[PDB]
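Structural overview for review
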Amino acid sequence: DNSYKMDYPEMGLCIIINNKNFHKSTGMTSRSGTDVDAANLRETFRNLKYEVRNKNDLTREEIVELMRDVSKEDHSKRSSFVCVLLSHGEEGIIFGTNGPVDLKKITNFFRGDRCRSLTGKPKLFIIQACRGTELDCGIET
Amino acid sequence: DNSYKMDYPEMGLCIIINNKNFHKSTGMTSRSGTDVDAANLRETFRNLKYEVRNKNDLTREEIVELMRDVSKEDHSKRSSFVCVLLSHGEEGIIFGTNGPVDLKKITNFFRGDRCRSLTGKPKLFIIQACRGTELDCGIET
Amino acid sequence: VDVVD
Amino acid sequence: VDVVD
Amino acid sequence: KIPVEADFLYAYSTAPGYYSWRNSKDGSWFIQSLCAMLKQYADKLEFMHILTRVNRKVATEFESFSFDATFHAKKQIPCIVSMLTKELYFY
Amino acid sequence: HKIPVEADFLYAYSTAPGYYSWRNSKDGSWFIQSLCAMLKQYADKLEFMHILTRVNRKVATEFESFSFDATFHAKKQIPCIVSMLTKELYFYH
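Residues numbered from 1 in each chain as written, not as in the entry; some residues may be left out. Chains lettered and ligands numbered in written order. Heavy atoms only, no water. Residues with missing side-chain atoms left out of burial classes, pairs and counts.

The number of helices and strands found in chain E is two helices and four strands. The secondary structure elements of chain E, listed N-terminal to C-terminal, are β-β-β-α-α-β. Counting across all 91 residues of chain E, residues that qualify as buried make up 73%. The contacts in chain E between residues at least 6 apart in sequence include a share of 64% that link residues at least 24 apart. Accessible surface, chain E as shown: approximately 2900 Å² in total, 51% of it carbon and sulfur. The average position of the 11 basic charges and that of the 9 acidic charges among the side chains of chain E differ by 3 Å. (Helix = DSSP H or I, 4+ residues; strand = E, 2+ residues; numbered from the N terminus. Buried < 20%, exposed > 50% of the residue type's maximum accessible area, 1.4 Å probe, protein only. Contact = heavy atoms within 4.5 Å. Areas by Shrake-Rupley, 256 points an atom, 1.4 Å probe, with all protein chains shown as cover. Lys, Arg positive; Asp, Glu negative; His and termini not counted. Charge placed at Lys NZ, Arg CZ, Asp CG, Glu CD.)

The following block contains the structure:
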């Protein structure tokens, strides 16, 4: 079978975590323009027939809680799963409003053995976040 | 221009680094079966019209020297560049016969600004090596 | 302007 | 047998 | 069995180790581009090819504008990481 | 008009970040075995990312480790395609 089966009754969930405002504790700036991102994504995946859920300004613990809860639903009639993360980050790390969370902790909930109603189905993670402090100066073509 | 231009006079180089025997002081096993890989790769890319160069049991220093040397060639009449690395490894690391090499140091030689006759052309790195010590237990399905 | 996150 | 890299 | 890490795809906005860029008014370069490409190609292109068009859009059409010379005239490439085992067509 | 210095790279890793990669003593590594097989069969028919996706499915479905060591027995592997490419890649005309 060369193509994923995408004619289940539902395309799947599309979870959007939109972190804009961070705790003074963290010294990270507000992420202006991300509401534009979050609304664009909502509309785009609505048009693809995903059941979209937008979440704003979540702590690390709220992110972990949500992803665990979501991974424990019955995805049996869903074709796929999509998660979008819009935040600050470091390499392998996404920020809740109050601190860092390992991306591996988020995605492990959806592992083939840990979320059986998504076993064999595409699990898409879309990550808008930095991955370090390197700058690409580019090259003239 | 949705597709790379692959009708230059030459498909390009295919560099195969085949590390099988490591110095005993590294404590690292011999990689039985890698000669089968290296010969398979040589034939495969020969049939694709790549100029193949096979290399065996290179030290840490020989790998870096080979990589800068190759990146300093004139790739102007070549469509692409292919490097295959066959060794032990860790996350971000390929092993020479006498020690570890950061993969970023190898690939940095071919950056768009450091290898101008490959700017705009696909640079393919094929890496057969470990990336850590985790085991995938699989899921029955 | 553009900024980094 | 299979072995790891 | 299949691997427990199979059938994931991680569409990163930027390459390992690098900053990712966001326009203060229009949103991030990556998400802007991802949505435009999905809008225009989700009914005709496989997802990897859509994502490749995203890479080209980010790489060619965006360049940072900043009052801070440190952060001015910079570029960005997204990073597609696929552990997928099949092709993906949304239609 | 510039392009990123990291653009137009593809890294075809044999295994997922953090994981062992597997090699058969006699036949070679699962990944290279499958990569050569898929290039042989599809380099004149398919775009390279779709070839590498076929490689992912071959490694994931047709291989499972056989080891006298129970710790290392019956394990699986998924390759990891990392694309900073900006165009489609066809090895044929």
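Read on, since the account is not over.
A word on the pattern of salt bridges. Residue and element names in this part refer to chain A. Considering all chains together, one arrives at 31 salt bridges over all chains under this definition. A salt bridge links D7 to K5; its shortest N-O distance comes to 2.8 Å. What you see here is one network of salt bridges that share partners, running through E10, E51, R53, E73 and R78. (Salt bridge = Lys/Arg side-chain N within 4 Å of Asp/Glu carboxyl O.)

This paragraph deals with the interface of chain B and chain F. Taken together, the contact between chain B and chain F spans 51 residues of the former and 47 residues of the latter. In terms of residue count, the dominant contributor to the side of chain B that touches chain F is helix α1 (residues 34-47) of chain B (seven residues). As paired strands, strand β7 (residues 123-128) of chain B and strand β2 (residues 9-13) of chain F are joined by five bridges and run parallel to one another. When the bridges of β2 of chain F are listed, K123 of chain B appears paired with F9 of chain F. (Pairing = 2+ DSSP bridges.)

A few words now on the sheet that holds strand β1 (residues 2-4) of chain C. Spatially, the three strands line up as an open sheet ordered β1(C)-β2(E)-β3(E), and their pairing is antiparallel. Each having just a single partner strand, β1 of chain C together with β3 (27-28) of chain E make up the two edges of the open sheet.

This brings us to the side chain of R111 of chain B. Note that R111 of chain B resides in the loop between α3 (103-108) and β7. Judged by relative accessible area, which is 15%, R111 of chain B ranks as buried. Of note is the side chain of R111 of chain B, whose polar atom sits 2.8 Å from the side chain of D113 of chain B. Filtering out sequence-adjacent residues up to four positions away, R111 of chain B remains in contact with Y18 of chain E together with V5, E6 and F9 of chain F. (Polar contact = N/O pair within 3.5 Å; in protein donor to acceptor, adjacent residues only side chain to side chain.)

On to the sheet that holds strand β3 (residues 22-24) of chain F, then. Strand order across the open sheet formed by three strands is β1(D)-β3(F)-β4(F), with antiparallel pairing between neighbours. The outermost strands of the open sheet, each flanked by one partner alone, are β1 (2-4) of chain D together with β4 (28-29) of chain F.

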